[PDB]
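Chemist: PDB entry and its sequence, pasted below:
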Amino acid sequence: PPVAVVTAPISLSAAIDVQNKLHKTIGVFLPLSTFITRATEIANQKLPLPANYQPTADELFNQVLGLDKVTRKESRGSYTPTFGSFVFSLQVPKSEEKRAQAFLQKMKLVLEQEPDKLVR
Amino acid sequence: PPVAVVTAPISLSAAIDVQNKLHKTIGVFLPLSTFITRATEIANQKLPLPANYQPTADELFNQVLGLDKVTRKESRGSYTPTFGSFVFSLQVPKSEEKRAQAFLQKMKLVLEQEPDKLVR
Amino acid sequence: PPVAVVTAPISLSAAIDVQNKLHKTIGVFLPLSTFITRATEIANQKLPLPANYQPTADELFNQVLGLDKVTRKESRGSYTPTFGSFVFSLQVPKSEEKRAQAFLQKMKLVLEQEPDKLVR
Amino acid sequence: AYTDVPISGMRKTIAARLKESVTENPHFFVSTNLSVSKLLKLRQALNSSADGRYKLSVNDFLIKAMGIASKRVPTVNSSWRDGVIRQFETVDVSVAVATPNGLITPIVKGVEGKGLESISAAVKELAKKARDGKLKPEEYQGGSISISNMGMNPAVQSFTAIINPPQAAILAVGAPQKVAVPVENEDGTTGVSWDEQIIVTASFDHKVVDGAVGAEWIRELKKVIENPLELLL
Amino acid sequence: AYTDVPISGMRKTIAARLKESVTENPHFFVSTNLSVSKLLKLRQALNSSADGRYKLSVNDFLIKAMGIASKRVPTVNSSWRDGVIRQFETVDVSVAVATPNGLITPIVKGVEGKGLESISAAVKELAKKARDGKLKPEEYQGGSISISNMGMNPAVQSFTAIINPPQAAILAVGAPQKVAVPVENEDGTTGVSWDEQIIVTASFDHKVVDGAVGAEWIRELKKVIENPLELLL
Amino acid sequence: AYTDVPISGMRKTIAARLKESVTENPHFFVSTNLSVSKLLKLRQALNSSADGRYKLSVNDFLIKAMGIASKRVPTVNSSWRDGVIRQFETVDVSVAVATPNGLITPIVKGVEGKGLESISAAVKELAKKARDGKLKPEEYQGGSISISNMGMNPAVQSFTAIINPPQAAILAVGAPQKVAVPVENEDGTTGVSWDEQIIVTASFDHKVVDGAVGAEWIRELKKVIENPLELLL
Amino acid sequence: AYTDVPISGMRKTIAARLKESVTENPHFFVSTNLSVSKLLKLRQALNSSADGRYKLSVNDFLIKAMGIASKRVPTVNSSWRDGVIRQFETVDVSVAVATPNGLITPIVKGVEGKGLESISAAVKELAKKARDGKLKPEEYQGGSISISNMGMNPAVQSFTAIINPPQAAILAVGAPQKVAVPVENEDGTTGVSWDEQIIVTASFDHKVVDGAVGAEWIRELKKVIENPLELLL
Amino acid sequence: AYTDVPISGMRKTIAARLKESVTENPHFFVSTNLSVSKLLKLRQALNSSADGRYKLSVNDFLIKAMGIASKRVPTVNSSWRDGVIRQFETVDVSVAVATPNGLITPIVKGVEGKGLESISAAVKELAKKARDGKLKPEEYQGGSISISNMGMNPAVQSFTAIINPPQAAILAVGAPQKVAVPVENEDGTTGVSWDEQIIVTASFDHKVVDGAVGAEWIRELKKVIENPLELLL
Amino acid sequence: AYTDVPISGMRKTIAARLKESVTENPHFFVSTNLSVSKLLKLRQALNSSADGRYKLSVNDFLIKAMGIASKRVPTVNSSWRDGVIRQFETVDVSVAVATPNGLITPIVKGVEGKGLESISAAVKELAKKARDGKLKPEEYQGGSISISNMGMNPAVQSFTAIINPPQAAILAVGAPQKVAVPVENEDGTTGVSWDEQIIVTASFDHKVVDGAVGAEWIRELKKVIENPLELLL
């Protein structure tokens, strides 16, 4: 079972700014951890599927019939990143390696352009 | 099956003010849509029943016995408004037309005197 | 069935400050009640057990086997305080009286050093 | 100026009988009020789970409850003969049907050991035959208790009735009405609720029955009516 | 290594009878599941409004419902004689009582025209006399249907029974259990509810009854049990 | 009090036959539960793409699956004669039709090499002629397997049937019901789903069949039913 | 079109025996459901602490529990002879092994005073010799109770079996399945849990056993199985 | 410069036959396009639920659909004799197998009343025997329809075939290809989807068949193929 | 100043025996420590699911484990006679009961094939009869192994015992105590846990047993005790 890793840098300045500012205007202080988990939740919503995906009996039966004539190209997941910064790394087999990447870049975008989104 | 519609104007200035202000003090920016849905959720909680409501077997049995000697005059619902402003409109049969109105005015009050309520 | 009560003072100034400040910067105004319930929720998470606790069949069977060789020393609960200030009181039997105290002090700490925590 | 019509042959047969009853049976009355909301709810529950087999009414419930109350207090299910008292063990009820030709007296038998469906079917078959004027004599000869209802007219609150010659009791039912009652609201106060009630009058003879016996009879009837489930046992 | 005990005189009187029933009556069984939550609520409601006069149980409800179902489908309330079919019009039910001297079958009469209180009183008086061994022979000779209950043991979900010689049906009741059912929550979704059910088995002879007749019989019993208010009807 | 009806000439012709079957064929039963959601979806898909030519039902699917299972395990498609075993190679199924003059057994031939439309047309033509009482004798004389269905009555969960004299198996089908099953939600947890199931009972003779053979037969039937596309195979 | 195969000499030796059992022993069945999650956990715990000496299965647990239940209720560990009842004090169990030359019944002795390892070793040595066709006659002649298992086929939920001639009981075990049960979550609510269950059927003769005795027997078996540690006791 | 090889004895036997067919049967062609995505999905669903018993292909599906279409329109399942028309009721299909020694013509019988597994097994047994050169003459003598497939080579889009002497139709199948089709996206627009199609050509004689009959035949074949479930009925 | 008391007749009978054992049997000891937390948990689990039938203790568990260990290593279940070695196949255990009149030696038979309940009942019946002084001689004559326990006194950590004349081993059990043990906490460190232990001493003769045999015996006993489930097999 060959395995491979994927990596991506990160900058956490904006999250620090939001935390500090929130602490000065209300009193709420929270750790970086909740930002990390909340970003992970919004990320694992729309991730492509491996090209070597094999369907199940129910799926084929429903197609052969005509209820779900439009097929699916998305599927949820359950990933957990690895700590680090100046980096975020993940270890996964070869088949999904590509899917695991869509996850890294999605979080890499939200956390740098949408840190405020992870607040209440 | 005769059908009828109910309508009510609306002013969205206060929601705009809350969104702008929140954007300036923390960084969070969210669309009007979540305000609309959250108002719809708090609204469909306490709505009267049609005057031509017919009970079921369990209800009558429990009354004939004595467990729920105090009857009910409220029941939840699942409504979805129609977009528009300067108006909010809904289309429903005649029997419930009156109930659908309690919904419009309830949202019409909360969104004009309680916009802050729909924040976290 | 002998019964006993436990009591503890309280100061609600910090919650007032947070409510006022939140009202001035966004518009949100909420009652003290939600602070009380939210503190009660975070409290009933990690409370010790009575010293005269008797286990059940499944627990002993799982120990005799070897799946849960490490036993437990915590268990959730469902408490509801009684109103008052300058005090919070609870009435419970003798066996749990001690457990009910861990609850009072836990809320007594969070509400005086972590009021901000009970916000979104 | 006036008009005269000869007296009918059938009008004296009832006039003499009525005139004999008053001079032969001393009368004393008893009145009560019954709440019938639960009974209406039960009837609605049992008239919707059917497909067309039957359809019930209040009179059947009252008849069955009468039978049960008669069973608990048997002194009313009796009769006064020449020189001896007659005590029965089976309850036969006399229902009154009004027609333009006069007033009939159909009979229902074996009420104690019977259900609502059979009682309704019998009362309706007999009402039809009474209206169509092909009633055998044996079918309206004797019973133990007689009932009269006037709930079709809202203007009759309460009324009295005369006892039949060989019988020792009769029941009269009025029309429903609405009254205010106190309810202990859970908040710890007292509020107004609107109950629906009927007023029931019972006329008894004082040679076979006493006041206490009639009062107990009314109590059993009331207990059976207000709590309708108890119609099973 | 073993021990021997002489066969009792009463054990062959029953051994021969059981051996005659199997070779004389072909058997076919039918099974069903009944929900009895509403019946338990009814029983709790009717066992608290009393002051000590009576106390009810599930068996009485099942006996009365059996009588009603027998009345609606009379082909089961029958018997097979030498060269003629016997059809009855009165329902007599045979209840089984177990004693160390073997089982016994007290009999209840006039169930159709009766209430729960009388049925309970009769079943308990006869159970006491059966346990005390002073039962007259006429009191356990013949009926139309037989019932067996084992709900005192929670380990019996469903079981079968043998038909008596002159009868053409028998019912066996098991112990209650809990199962998941779908409930349409008012929010507009589907949720899980925990209902309590019993499994009832009926054994029928195929010379006097057919499959459709037994299926209809089970349907009437189920309709009467799931909706308990119809017991009045 | 009772009534008597003379035994019919046709009732003993069947009474003697039923009494001969029990004393000639030892019986042992096997039960199973089948999920039929996919079969209902298939039927709905195939009953809407038509313009009026046909209309299908569950019984046809069960008949075809029975034929396939018989083909895979031929030991059941057999019979016990005086001193020799009879093994067939063609599957003929006996369906039961109930009429007021008693039940009847129309027969379907060449099921293995046939489609659903022909089976439905034959079963309905024969049902009509059976109801109208113009059935030739050759048309109900012999088969290899017999089927009985009672899904028209929702109160029959499972039941048993008697085997015909020359045959060595019979199948009984009950009514559908709903049960909870575990589903592996894509989020990575376990949830509750509401599946619809039927309970099928099979009665077998123990001189021509053994327990393992019946268990394998039930397995092939289940595999063919739960996966409906395999009906083509 | 058909084929014929001569009846085997061994097939009538069993045909006559099966035909004698039904006409000599009236049958009545009892069913129950057992939860076996704890037993599977125990088996997994005891099949991993070994180095290769042994390997266990569910049948051994059921055999030992059967022995204990027989000891608590000895009326089933009996037999019906010509004119005397036989009561034993040692439990011998008959296990069924299926082979192409037909089924066979190896026997295990001294189960009460034995452990799981010896029972497994005996059952496997005898199964091997039965498959290889070198079984002595004394080794399959007589026992007190017989067991049948079909858990190798997932399509068999529950089934029935015929009693052997000299014995008075037989047990049939089905395949496991999953059902929903209520769990009292520590938060103070009710939730859905997925338990694994098996359905066990027991067939009893009614000349040596009664319904209450069989119900008690099933209760002892269930209590011993659901709580597995009591197997030591 | 050139070379010459003597003509084979078997080459004239086919040359004369081919030369006789053209001058004896006027030819007219019909073409159509079939979508086979659903058929591929079905085949994948049915080739994974097996353990090694079988393995299917498109040709079997086409053969069965041909049989059904022949049944609906019987005028093509005919033949032209000396002075009379021959009309059959059983469908026999001729498949073409290519070998270095020449072209054979194996036959499959009873297609109408058959399943995919038997058709595949027959086609493969016969293909093996044809390749190994031990084919009996009776096995390749006459049919009603003939089929040819060339889907193993992607470079053959469409082609024609010659009709056999006694037959009145032949079908030729090409290789799959991909084409663009319009899809009505739920947003309210039109988009491009990629469907996979095959082109089927049919050659017919004009003495036994007309244009409308062939067009209807093609329509039934298409309807059966595009909707694959309809292969059941 | 002093006092003198004549020696009892029974005191020399034991003095001579003790003096003969030391000069006839060389002694060598072996010691071990056993953890009994899991055994206590098991006992608590099995002493609460009862209604009053029984009540267990540690000695029964030790007796059963002894029996198993004896079975695995049979060289200890032997004896030394005049000129030949005696090897048994049944395990009989001698328990010591102290009374003011002296020390007795009740016996338990058939331990290998027995359960905890019977062992406890026997040990308690015999203890009662020993205390009441009505013990038959045959009941305390010979065994294979002897056990002594002094856990009622917390001040006895470990002690020695003398072997009986015809036997070749004896076991002595002490009182429980608490000791610190290392636990690998999931955080990746080492912590202190408090285990409860007992110290067991075994005395062996060196003419029938060797050091390795005794060491293996202790190992089997320990393995059976620390893992209590293994008491089943």
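Modeler: Received the coordinates, thanks. Numbers count the residues shown, from 1 in each chain, chains lettered A, B, ... in the order given.
Chemist: dump the residue contacts of residue 66.
Modeler: Using chain A. Contacts for residue A:66 (C-beta atoms under 8 Å, 6 or more residues apart in numbering or on different chains) come out as residue F:45. For every residue, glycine as well, the C-beta is placed using N, CA and C.
Chemist: that answer is for a different chain, and I need it for chain D
Modeler: D:91, D:93, D:111, D:145, D:147, D:171, D:221 are the contacts of residue D:66 under C-beta under 8 Å, 6+ apart.
Chemist: which SSE is it in?
Modeler: For residue D:66, the host element (DSSP states H and E) is helix D:58-72.
Chemist: with residue D:212 instead?
Modeler: Secondary structure from DSSP H and E places residue D:212 in helix D:211-226.
Chemist: closest one of the contacts of residue D:66 to residue F:9?
Modeler: residue D:111 (43.6 Å; C-beta to C-beta).
Chemist: and the helix or strand hosting residue D:33 with chain E, contact?
Modeler: Element membership for residue D:33 (DSSP H and E) is strand D:27-35. No - Strand D:27-35 is not in contact with chain E by C-beta under 8 Å from any C-beta of the partner chain; minimum separation 15.5 Å.
Chemist: what angle do that strand and helix D:211-226 make?
Modeler: If you take axes from the mean of the first three to the mean of the last three C-alpha atoms, to 10 degrees, strand D:27-35 sits at 20 degrees to helix D:211-226.
Chemist: is strand D:27-35 in proximity to chain B?
Modeler: No - Strand D:27-35 is not in contact with chain B by C-beta under 8 Å from any C-beta; minimum separation 12.2 Å.
Chemist: buried set for the next helix or strand after that strand?
Modeler: Next along the chain after strand D:27-35, taking DSSP H and E as the criterion, comes helix D:37-46. For helix D:37-46, a neighbour-count test (16 or more other C-beta atoms under 10 Å in any protein chain shown) marks D:37, D:38, D:39, D:41, D:42, D:43, D:45, D:46 as buried.
Chemist: and residue A:5, that one's in a strand?
Modeler: Yes - under DSSP: H, G, I helix; E, B strand; the rest coil, residue A:5 sits within a strand.
Chemist: which residue packs closest to it, ignoring adjacent ones?
Modeler: For residue A:5, ignoring the flanking residues on the chain, the nearest one in space by C-beta to C-beta, 6 or more residues apart in numbering or on different chains is residue A:91 at 4.9 Å.
Chemist: can you classify the one you found by secondary structure?
Modeler: Here residue A:91 takes the strand state, with states given by three-state DSSP.
Chemist: so how far is residue D:153 from residue D:159?
Modeler: Distance, residue D:159 to residue D:153, using C-beta to C-beta, to the nearest Å: 10 Å.
Chemist: compare the two and say which is more crowded by neighbours.
Modeler: residue D:159 (13 against 8; other C-beta atoms under 10 Å in any protein chain shown).
Chemist: so that one is in which element?
Modeler: Assigned by DSSP H and E, residue D:159 belongs to neither a helix nor a strand.
Chemist: kindly report the same for the one 3 residues further on.
Modeler: Assigned by DSSP H and E, residue D:162 falls within no helix or strand.
Chemist: for it, give me its contacts.
Modeler: Contacts of residue D:162 by C-beta under 8 Å, 6+ apart are D:18, D:21, D:22, D:170, D:203.
Chemist: so which of those belong to strands?
Modeler: Judged by DSSP state E, the subset of those located in strands is D:170, D:203.
Chemist: would you mind giving the contacts of residue D:162 as a markdown table with distance to residue I:128 and neighbour count added?
Modeler: What follows is these, written out as a markdown table (distance: C-beta to C-beta, whole Å; neighbours: other C-beta atoms under 10 Å in any protein chain shown):
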| residue | distance to residue I:128 | neighbour count |
| --- | --- | --- |
| D:18 | 93 | 11 |
| D:21 | 88 | 17 |
| D:22 | 91 | 11 |
| D:170 | 80 | 22 |
| D:203 | 81 | 20 |
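Chemist: and the closest residue to residue D:31 other than its chain neighbours, helix, strand or coil?
Modeler: Spatial nearest neighbour of residue D:31, excluding adjacent residues (C-beta to C-beta, 6+ apart): residue D:201 at 5.1 Å. In three-state terms, and counting by three-state DSSP, residue D:201 is strand.
Chemist: just checking, residue D:201 touches residue D:157?
Modeler: No - judged on C-beta atoms under 8 Å, residue D:201 makes no contact with residue D:157 at a distance of 10.4 Å.
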